[PDB]
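Undergrad: Take this structure first; my questions come after.
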Amino acid sequence: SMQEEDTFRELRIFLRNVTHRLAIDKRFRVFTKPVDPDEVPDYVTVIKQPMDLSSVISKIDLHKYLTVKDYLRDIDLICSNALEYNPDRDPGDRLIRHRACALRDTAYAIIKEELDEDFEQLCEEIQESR
Ligand SMILES: CC(=O)c1nc(NC(=O)[C@H]2CNCCN2)sc1-c1ccc(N2CCCC2=O)cc1
């Protein structure tokens with residue numbers, strides 16, 4: 001309906017704002033662009049479902065997220081991918097893992113603080129009706 005499309009538009013505006021705040025944070029620069037499979041040949045060996053903050057922005061604008069849970073699944077994928085590709089004790093790995101966990105924690109904290117629970121419930125009930 002028209003009222004439902006307004007609901008999803010508000011969700012998109014919210015998700016764009018959250019993702020922008022993550023993308024300008026200096027700690028998360030390593031997650032802002034896709035890994036180049038040419039420059040990092042072993043990445044596809046480990047990671048079959050790549051995700052990054054620029055791809056999240058593209059999916060918002062293609063109307064792929066109907067709930068905050070769909071969005072958080074891709075944030076969690078950015079994080080879990082980084083943990084899998086950086087599993088070793090060396091400091092480069094440990095630095096990326098720390099940033100990956102910080103990215104996840106920061107996204108969840110913004111949403112917990114700023115997304116109304118009833119708005120998210122509405123989004124979910126519209127989604128379940130389709
Ligand atoms: C995404 C991620 O998790 C990631 N992890 C890394 N870890 C390491 O290099 C660890 C791995 N263990 C051995 C020691 N070195 S590099 C890296 C990464 C991030 C971004 C790019 N970009 C930016 C755009 C062009 C491009 O290709 C490439 C790679």
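Please note that chains go A, B, ... in the order of the structure tokens, that every chain numbers its residues from 1, and that ligands are numbered from 1 in the order shown.
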If you take only C-alpha atoms and a cut-off of 10 Å, which residues of segment 43-129 of chain A touch segment 29-32 of chain A, and what are their nearest atom pairs and distances in Å to one decimal, in chain and number order, as CSV?
TA:
residue,atom,partner,partner_atom,distance
A:51,CA,A:31,CA,8.3
A:52,CA,A:31,CA,5.3
A:53,CA,A:32,CA,4.8
A:54,CA,A:32,CA,5.7
A:55,CA,A:32,CA,8.5
A:56,CA,A:32,CA,9.5
A:78,CA,A:31,CA,7.4
A:79,CA,A:31,CA,9.0
A:82,CA,A:31,CA,8.8
A:96,CA,A:30,CA,8.0
A:99,CA,A:30,CA,8.7
A:100,CA,A:31,CA,8.3
A:103,CA,A:31,CA,9.0
Undergrad: Residues of the last selection are to be written out with N, CA and C atoms, as a short mmCIF file (atom, residue, chain, number, x, y, z; two decimals), in the first residue's frame.
TA:
data_model
loop_
_atom_site.label_atom_id
_atom_site.label_comp_id
_atom_site.auth_asym_id
_atom_site.auth_seq_id
_atom_site.Cartn_x
_atom_site.Cartn_y
_atom_site.Cartn_z
N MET A 51 31.04 -9.20 1.40
CA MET A 51 30.16 -8.09 1.75
C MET A 51 31.01 -6.94 2.27
N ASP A 52 30.57 -5.71 1.99
CA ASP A 52 31.26 -4.51 2.42
C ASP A 52 30.25 -3.38 2.48
N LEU A 53 30.68 -2.25 3.04
CA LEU A 53 29.73 -1.17 3.33
C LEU A 53 29.25 -0.50 2.05
N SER A 54 30.07 -0.46 0.99
CA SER A 54 29.57 0.07 -0.28
C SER A 54 28.50 -0.83 -0.87
N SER A 55 28.64 -2.15 -0.69
CA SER A 55 27.62 -3.04 -1.22
C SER A 55 26.34 -2.95 -0.40
N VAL A 56 26.47 -2.69 0.91
CA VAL A 56 25.29 -2.46 1.74
C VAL A 56 24.52 -1.23 1.25
N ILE A 78 29.72 -9.02 7.09
CA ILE A 78 30.99 -8.30 7.03
C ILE A 78 31.89 -8.74 8.18
N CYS A 79 31.33 -8.83 9.38
CA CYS A 79 32.12 -9.17 10.56
C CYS A 79 32.59 -10.62 10.49
N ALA A 82 35.36 -11.20 8.01
CA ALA A 82 36.65 -10.69 8.45
C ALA A 82 37.29 -11.62 9.48
N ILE A 96 42.46 -6.45 12.36
CA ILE A 96 41.23 -6.51 11.57
C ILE A 96 40.09 -7.11 12.39
N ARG A 99 38.67 -4.54 14.72
CA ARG A 99 37.85 -3.58 13.98
C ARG A 99 36.54 -4.20 13.54
N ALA A 100 36.58 -5.46 13.11
CA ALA A 100 35.37 -6.17 12.71
C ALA A 100 34.38 -6.26 13.86
N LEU A 103 32.95 -2.87 14.52
CA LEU A 103 31.93 -2.51 13.53
C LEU A 103 30.58 -3.10 13.91
#
Undergrad: At most 6 Å is the cut-off: for each residue in chain A with any atom that close to an atom of ligand 1, write down the nearest atom pair and the distance in Å rounded to one decimal, counting only C-alpha atoms and all ligand atoms, chain first then increasing number, as a tab-separated table.
TA:
residue	atom	partner	partner_atom_place_in_ligand_line	distance
A:30	CA	ligand 1	19 (C)	4.6
A:31	CA	ligand 1	1 (C)	5.9
A:33	CA	ligand 1	24 (C)	4.7
A:34	CA	ligand 1	24 (C)	5.2
A:35	CA	ligand 1	27 (O)	3.6
A:36	CA	ligand 1	27 (O)	3.7
A:39	CA	ligand 1	27 (O)	5.9
A:82	CA	ligand 1	3 (O)	4.0
A:85	CA	ligand 1	3 (O)	5.8
A:86	CA	ligand 1	12 (N)	4.8
A:92	CA	ligand 1	10 (C)	5.4
A:93	CA	ligand 1	10 (C)	5.0
Undergrad: Tell me, as a list in words, which residues lie within 8 Å of segment 116-121 of chain A, counting only C-alpha atoms; anything in the same chain fewer than 2 positions away does not count.
TA: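 In the requested format, the answer is residues 67, 68, 114, 123, 124 and 125 of chain A.
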Undergrad: Can you pull out the residues contacting residue 13 of chain A? Cut-off 12 Å, using only C-alpha atoms, and skip same-chain residues under 3 positions away; I want them as a ChimeraX atom specification.
TA: /A:6-10,16-20,57,60-61,63,65,68,115
Undergrad: If you keep C-alpha atoms, can you produce a file of those selected residues as a JSON list (two decimals), in the first residue's frame?
TA:
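Output saved as part35.json:
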[["chain", "number", "residue", "atom", "x", "y", "z"],
["A", 6, "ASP", "CA", 6.25, 5.22, 3.31],
["A", 7, "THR", "CA", 7.28, 2.83, 6.10],
["A", 8, "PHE", "CA", 9.96, 1.18, 3.98],
["A", 9, "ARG", "CA", 11.19, 4.57, 2.74],
["A", 10, "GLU", "CA", 11.69, 5.70, 6.35],
["A", 16, "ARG", "CA", 21.52, 5.09, 4.89],
["A", 17, "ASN", "CA", 22.29, 7.32, 7.88],
["A", 18, "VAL", "CA", 23.59, 4.43, 10.01],
["A", 19, "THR", "CA", 25.75, 3.04, 7.18],
["A", 20, "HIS", "CA", 27.19, 6.49, 6.42],
["A", 57, "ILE", "CA", 24.60, 1.06, 0.40],
["A", 60, "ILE", "CA", 19.57, -0.17, 0.43],
["A", 61, "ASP", "CA", 19.01, 1.77, -2.80],
["A", 63, "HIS", "CA", 15.20, -1.88, -1.85],
["A", 65, "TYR", "CA", 16.26, -4.53, 3.05],
["A", 68, "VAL", "CA", 16.53, -3.96, 10.27],
["A", 115, "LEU", "CA", 15.49, 2.54, 16.13]]
Undergrad: Just give me the gap between atom CA of residue 22 of chain A and atom CA of residue 41 of chain A in Å, one decimal is fine.
TA: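 Between these atoms lies a distance of 26.8 Å.
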Undergrad: Using only C-alpha atoms for the distances, tell me which of A:104, A:48, A:59, A:12 is nearest to residue 27 of chain A.
TA: A:104
Undergrad: From segment 66-116 of chain A, collect each residue whose DSSP state is helix (DSSP H, G or I) and return the set as number ranges by chain.
TA: A: 68-85, 91-114
Undergrad: Using only C-alpha atoms, which of the listed residues (A:4, A:130, A:15, A:106) sits closest to residue 70 of chain A?
TA: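 Smallest distance to residue 70 of chain A is found for A:15.
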Undergrad: To one decimal place in Å, what is the distance between atom CA of residue 5 of chain A and atom CA of residue 58 of chain A?
TA: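 Straight-line distance from atom CA of residue 5 of chain A to atom CA of residue 58 of chain A works out to 18.6 Å.
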